[PDB]
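Please read the structure below before turning to the comments.
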Amino acid sequence: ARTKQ
Amino acid sequence: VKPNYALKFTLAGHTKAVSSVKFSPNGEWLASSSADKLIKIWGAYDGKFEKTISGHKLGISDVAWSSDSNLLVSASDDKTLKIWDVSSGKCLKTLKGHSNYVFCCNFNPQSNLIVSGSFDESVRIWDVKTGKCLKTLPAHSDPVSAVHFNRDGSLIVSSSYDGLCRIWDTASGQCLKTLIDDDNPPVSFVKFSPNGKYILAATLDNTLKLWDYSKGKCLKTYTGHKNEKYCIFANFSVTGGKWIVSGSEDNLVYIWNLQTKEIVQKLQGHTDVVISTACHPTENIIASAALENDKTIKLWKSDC
């Protein structure tokens, strides 16, 4: 998701 | 004139990184989404925790409010979106069709359609009432990082790691315009300005850009922050001074003067990347949210 690179 | 945003509340409760924060249109609520699979609702003015909304099987990348503040939609790594009744916390519909993570979502102003973008490189348009997919747009050649309706709902703007920003006709799904700049760095965020005349776009070369939609030209650039890794939201602040607001990978909230492009404030407090910021619809209030080391939401208030 958005929270992961 | 510079604003004087100062920290008023810190909102703890998420157990993994927060992914997005959004104020309800009626100003009363803040909604947050997280890699912990949860949505949380908070009081916009005092940070009071209200409720947790659960149902997704994997983390959530985005949440958005309907025009009447009664519904939320969320976009999840479980490849679905869910429409929620905020009052009951119930899942009304699950929107199935994307073949990979759903990254971004938004209602149109009528709030009878939802637009979504996905790692599957498509943009989908959904009927809110039936929960069924109306159109699938083969929009991009890499993950879609943001989708947004303009003010009358007739247009959709999308952005992608393929380096493109595209503007779509809602009714037909056909492409109206493609925006390209420099050496096409990944476009990590896009949205229309309040009057729909401009488009604000973030690229993963530490740059925000304001585009004139009609002329297809760059009008302003905003630099000084750190953004090379994450899809960080950006905002127009319109309640007092006209600012551009964005998070940053150096753990600060950046605020620029929209016309002069100068940094007017840097909000210090978070202990990890600030992935999401939101601007309150009637008060000079900013919400910010941060990744795994921090996991909190902060509310900041300014006199102007």
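Naming works like this for the structure tokens: A, B, ... for the chains as they're shown, residue 1 at the start of each chain, ligands 1 onward in shown order.
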Can I get the residues of chain B within 12 Å of chain A, each with the closest pair of atoms and their distance in Å to one decimal, using only C-alpha atoms, sorted chain first then ascending number, as a tab-separated table?
residue	atom	partner	partner_atom	distance
B:16	CA	A:3	CA	9.0
B:17	CA	A:3	CA	6.2
B:18	CA	A:3	CA	7.3
B:19	CA	A:3	CA	5.9
B:20	CA	A:2	CA	8.7
B:33	CA	A:2	CA	10.5
B:34	CA	A:3	CA	8.2
B:35	CA	A:3	CA	6.8
B:36	CA	A:3	CA	10.4
B:37	CA	A:1	CA	10.5
B:58	CA	A:1	CA	9.0
B:59	CA	A:1	CA	6.5
B:60	CA	A:1	CA	6.7
B:61	CA	A:2	CA	5.2
B:62	CA	A:2	CA	8.1
B:63	CA	A:2	CA	11.8
B:75	CA	A:1	CA	9.5
B:76	CA	A:1	CA	7.5
B:77	CA	A:1	CA	6.0
B:78	CA	A:1	CA	9.8
B:79	CA	A:1	CA	10.6
B:100	CA	A:1	CA	10.6
B:101	CA	A:1	CA	7.1
B:102	CA	A:1	CA	8.2
B:103	CA	A:1	CA	6.8
B:104	CA	A:2	CA	9.2
B:118	CA	A:1	CA	10.3
B:119	CA	A:1	CA	9.4
B:143	CA	A:1	CA	11.3
B:144	CA	A:2	CA	11.4
B:145	CA	A:2	CA	8.9
B:146	CA	A:2	CA	11.0
B:188	CA	A:2	CA	10.3
B:189	CA	A:2	CA	11.4
B:227	CA	A:5	CA	11.9
B:228	CA	A:5	CA	10.1
B:229	CA	A:5	CA	6.3
B:230	CA	A:5	CA	6.5
B:231	CA	A:2	CA	6.5
B:232	CA	A:2	CA	8.6
B:233	CA	A:2	CA	10.6
B:249	CA	A:5	CA	11.9
B:272	CA	A:3	CA	11.1
B:273	CA	A:3	CA	9.5
B:274	CA	A:3	CA	10.2
B:275	CA	A:3	CA	7.7
B:276	CA	A:2	CA	10.1
B:289	CA	A:3	CA	11.0
B:290	CA	A:3	CA	9.0
B:291	CA	A:3	CA	6.4
B:292	CA	A:3	CA	7.9
B:293	CA	A:3	CA	11.3
B:295	CA	A:3	CA	10.6
Problem set entry | Distance query residue 11 in chain B at most 9 Å, only C-alpha atoms, self and fewer than 4 positions along chain excluded, as an NGL selection string | :B and (42 or 47-49 or 296-299)
Problem set entry | Pairwise distance for CA of residue 211 in chain B and CA of residue 279 in chain B, rounded to one decimal in Å | 20.5 Å
For this session: With a distance cut-off of 6 Å and only C-alpha atoms, select the neighbouring residues of residue 23 in chain B, excluding the residue or stretch itself and same-chain residues fewer than 2 positions from it, and output the selection as a list in words.
Result: residues 29, 30 and 280 of chain B
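Put simply, CA of residue 225 in chain B is 7.5 Å away from CA of residue 250 in chain B.
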Exercise. Near range 152-169 of chain B, within 7 Å and counting only C-alpha atoms, which residues show up once chain neighbours fewer than 6 positions away are dropped, as a ChimeraX atom specification?
Worked result: /B:108-109,140-146,175-180,184-191
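As for CA of residue 199 in chain B and CA of residue 223 in chain B, they are spaced 16.4 Å apart.
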Exercise. If you count only C-alpha atoms, which residues fall within 8 Å of residue 253 in chain B, apart from same-chain ones fewer than 6 positions away, as a ChimeraX atom specification?
Worked result: /B:245-247,266-268,274,277,288
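Among B:255, B:113, B:200, B:147, the residue with the shortest atom-to-atom distance to residue 132 in chain B, counting only C-alpha atoms, is B:113.
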